[PDB]
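Let us start with two forms of the same protein chain, each given on its own as structure tokens and named structure 1 and structure 2.
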Structure 1
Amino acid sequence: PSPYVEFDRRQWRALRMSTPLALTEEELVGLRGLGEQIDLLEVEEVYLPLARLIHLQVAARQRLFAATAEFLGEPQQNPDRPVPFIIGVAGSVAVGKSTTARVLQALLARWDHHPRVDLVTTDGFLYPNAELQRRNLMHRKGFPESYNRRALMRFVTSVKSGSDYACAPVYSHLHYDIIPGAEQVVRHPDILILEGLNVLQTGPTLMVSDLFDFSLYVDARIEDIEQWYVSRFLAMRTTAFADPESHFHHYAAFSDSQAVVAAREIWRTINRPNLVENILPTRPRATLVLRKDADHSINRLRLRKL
């Protein structure tokens, strides 16, 4: 007896899921439009129903806003609109958060109830590298204290307050640092998806997850994430590591054997301990847990019972 409705992938496919409603030409185009070999049979068979489920929560919240506003006789201090519905997305580095978040963004946007869907990563709230050196935290990049938690919280509070303007900084996955002066502006979207390692973490007072209406945790076996983490590092030889500007340049040259060793070391010393200590404990706090197989595909969904 547990707080989850659990489905494996078979069962979830085996449906009897009221109206189907398919993806268009068109919508499938735009979804490879970000398609790092993004599996479209997975988008259609897992992510789309999952997006409908969430849509039911967004729609219910919009109708609550209205039943509540009507009851109070719409006073001058109640907002005219629902404030943004915020969805958190948590999980290890290299688990596919970003893809999950990007797919959901694209799918949720197709409803008339909420076509304006934003996506912000908390990576942009990490302290800049120089700032991090100054605090003796470089070896702790991506641990909770590596983020400007106060700015992170002010941002989400601003969005949840029905502000019309809220700005976050930006983090380069090329330079592995904050890009000075770059900014992402959010403008009272109907939905904000907030993606990051730390979004479901707790603190002593009001924490950002207090401002979430729904959250996901992307899960997998820790040996599988290590493998995806390694592959991603290797593939970086061709891309980000290829620039001589990079602090990781000397890595371009490494053979598959030596790049592995260098990767398995950052995993072991930084990302794995971060996962075990700080990220995985936040997993039972999510509304929905998606567990991925070694081959990247979803094999299990746990949804909090309603």
Structure 2
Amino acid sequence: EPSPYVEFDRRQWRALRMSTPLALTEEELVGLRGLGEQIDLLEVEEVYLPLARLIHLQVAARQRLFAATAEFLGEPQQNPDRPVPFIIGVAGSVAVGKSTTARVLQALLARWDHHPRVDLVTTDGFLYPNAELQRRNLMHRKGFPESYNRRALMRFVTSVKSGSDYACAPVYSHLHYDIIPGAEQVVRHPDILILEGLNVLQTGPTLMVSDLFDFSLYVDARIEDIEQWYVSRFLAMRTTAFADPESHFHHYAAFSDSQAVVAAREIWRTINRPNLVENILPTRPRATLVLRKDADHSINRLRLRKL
């Protein structure tokens, strides 16, 4: 019964490593690992290395495709130092570990042979600032599709992929819970752009960033596990981020375990869960690769689109 997809387990997947080199040390992996994430070198080797191989294979093939169009159009040819940027989306729930997957992927790709320039941008820079969300009644919907300046986000990625020298994204601060005035992330004709955020795989009545992706990941897990990870990270942040007096959620620093669980579950119930179910999970069917994690953050299963 034919399928666009093929499923693997970790055994099956890790065999596809071939002889892709491991270019990353244990200390280097630490700088990449997010609070609460469990990634080790073994996981890098068995899961991320075949991924990086898949992508290397696709970057070459995908260039052919733009080149055929440029040929058709009777066009100059290509700068071989500036190919069309390969755009990689990374999607999934809050707390599922997207930021680790993306940082690790970036680090692996930047260590391929020619040392490609590999940029990583998070869509939280494209959230409306609080004063605008407040205007729109959206202060309790950060991460919902409507809380983003989608036009700006699409402009940004179109600019990069169309080969602009320079493009700027705004910058969000979790600690201050708002866009940072005057802050910009500048992307300068990278070879590869990884775009990471809850809703990057969305589709709609207009052309969207997902329509520009040459590859996408969705980082998945059971909803109950993701909630547990969220609540557990909320409790852990009492003595990390929330302990900063400047932190927007500094008042949570002093909560007891049981108060903190209450608070975190209410945020999950009223914001992150509804967003996952209504907006994020309906984008999973389109991902080129789903990385499914077990309750321990271990990626044990994968679903690859072959069509």
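Take the two forms, superpose them, and find the largest set of C-alpha atoms that agree within 1.5 Å; that set is the rigid core. Numbers follow structure 1, counted from its first residue as 1.
- Only one candidate in 276, 253, 64, 261 has its Cα displaced by 2 Å or more between the two structures after core superposition: 64.
- Residue 114: CA moves 2 Å or more between the two structures after rigid-core fitting.
- With the core held fixed, the Cα of residue 78 is displaced between the two structures by 2 Å or more.
- After superposition on the rigid core, the Cα of residue 294 moves by less than 2 Å between the two structures.
- Core-superposed comparison between the two structures: residue 12 shows a Cα shift of 2.2 Å.
- Core superposition places the Cα of residue 23 5.1 Å apart between the two structures.
- On the core-superposed pair, the CA position of residue 95 changes by 0.3 Å between the two structures.
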